[PDB]
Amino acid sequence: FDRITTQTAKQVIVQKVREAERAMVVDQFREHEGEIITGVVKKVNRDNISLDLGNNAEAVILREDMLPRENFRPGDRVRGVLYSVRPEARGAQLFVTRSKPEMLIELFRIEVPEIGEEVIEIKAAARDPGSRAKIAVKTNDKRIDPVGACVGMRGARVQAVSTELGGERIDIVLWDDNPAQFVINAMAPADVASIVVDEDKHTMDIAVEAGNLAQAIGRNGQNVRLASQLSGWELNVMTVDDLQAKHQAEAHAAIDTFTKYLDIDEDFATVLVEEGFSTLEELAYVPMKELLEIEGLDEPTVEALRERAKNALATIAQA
């Protein structure tokens, strides 16, 4: 049997008022969630700092939410993004960050009025906190230069953001709907010779012009990493010569895969690839009508090829 609750009139009145007021505080903080707030440093622990926001509001910037070489003294004014509010937490309930990408984004929202007005949209942001960052922007307004608005007059705006982030070097890149073009943009200041897009694997091979290699990679691989993070594509950087050489190796691997797992001769495999059939997946599930465009292949053979291809697919997947 469920329990029957008994309280006093005083208890109930007090409880309902406490809860109504507590919910108001929670709601207000949830309104400013994802925004930059300013706090005063109270205590500087070994793995975090305490912030005063007024009205008994205590916020924390954890170690992993700080910039690498940042040191704070009790009483300092610090800004950061309130990215998580946890009402039922026994410890801290307000979490502030300076290292997450949202910090970079919100700093640009402030510094660039065109972003505040939602005339310019931020489509991606990738950071290596304290060191380097990329941010992608776009506009649907024919009057606006989105990169220029973010850089500002003589770079004053982007420098302002960089200074707040301790000299973090920021590349402002133009968004593009074509992934290859976007990645080319994100790879700056590198000069790309050519890109091969593996759409199935969601990876890109990037050939970089001579002398532009160290830039393309960046120190410690920083630039291609940031470009990978910004675009969401896996990126492989190499020389022009390497890319050509890799292409031949892939062209042979396709034929050999066909010869081995379909048990056909090399001339047969070649014809398949020539007609645009380059993978075991394609052979398996292509409309059988598309395979009839090849002169020399009857309906029985195209049925047998599919069944061999489907078997190879099952074989490989379990291997």
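Quick note: we count residues from 1 along the sequence shown, nothing fancier.
Look at the mean CA B-factor for 155-163 and for 71-79 in the entry; the higher one is 71-79.
Here 226-234 and 137-145 are compared by their mean Cα B-factor, and 137-145 comes out higher. For the set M66, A59, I37, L280, the PDB entry puts the maximum C-alpha B factor at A59. Among the modelled residues of its chain, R86 has a C-alpha B-factor that falls in the highest third according to the deposited record.
The deposited CA B-factor of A20 belongs to the lowest third of values across its chain. In the PDB entry, a CA B factor belonging to the lowest third of its chain's modelled residues is recorded for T8.
Ranked by Cα temperature factor within the chain, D198 sits in the middle third according to the deposited record. Ranked by Cα temperature factor within the chain, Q93 sits in the highest third according to the deposited record.
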